[PDB]
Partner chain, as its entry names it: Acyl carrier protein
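Below you will find one chain, with nothing else, as structure tokens; this is the form deposited without its partner chain, and questions on how it binds or moves follow later.
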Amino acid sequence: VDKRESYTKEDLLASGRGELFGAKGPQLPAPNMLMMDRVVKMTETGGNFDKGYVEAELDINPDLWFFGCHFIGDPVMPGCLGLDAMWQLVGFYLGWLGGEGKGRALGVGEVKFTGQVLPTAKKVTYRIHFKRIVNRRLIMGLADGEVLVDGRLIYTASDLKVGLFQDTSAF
């Protein structure tokens, strides 16, 4: 794949249909599971471990679907969805490096939610710091993640793990 440092919302939507990295590359979820609007920076070096970095953003507005049901009369973006965005970015990066296969989240170490995303916020920022990448027969990524809302850190996740699989018959 020809690597770009950033991707637009249109690119992320093309990705969900497998039109970005080709038919062998991984796909990002499509709405309403897509949890980012754009990827503002992607590098092979950099990040807290100098092994890779990804920064993405999600624009917030009061009308996003999840505010209406989580919860009724007490809108707050589900934490699980910010967490999924992080898994999505780790998997996307693996595909960006040329990894082939279907994306499947494998797990995460500690996750801490210290703040919330309200319908009055404006922008959610995701930062992924890669600590390890296996791109041999097996394609797997390990990273730490940070979620900020309007420049303030609210969630951290250690050891997000995602792999790409050509055969998912054993799951």
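Take the two forms, find the largest set of C-alpha atoms that superpose within 1.5 Å, and that set is the rigid core. Positions refer to the first chain, counted from 1.
Unshown form solved in complex with its partner chain; subsequent notes refer to it.
Its partner chain is not shown here, but in the deposited complex it comes within 4.5 Å of a heavy atom of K161.
Taking non-hydrogen atoms only, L106 approaches its partner chain to within 4.5 angstroms in the deposited complex. Put simply, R132 is close to its partner chain in the deposited complex: some heavy atom of it is within 4.5 Å.
Under a 4.5 angstroms non-hydrogen atom cutoff, its partner chain in the deposited complex has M140 among its neighbouring residues. Between 119-127, 39-47, 106-114, 56-64, the stretch whose residues reach within 4.5 angstroms of its partner chain in the deposited complex through a non-hydrogen atom is 106-114. After superposing the rigid core, the Cα of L138 is displaced by 2 Å or more between this form and the one not shown.
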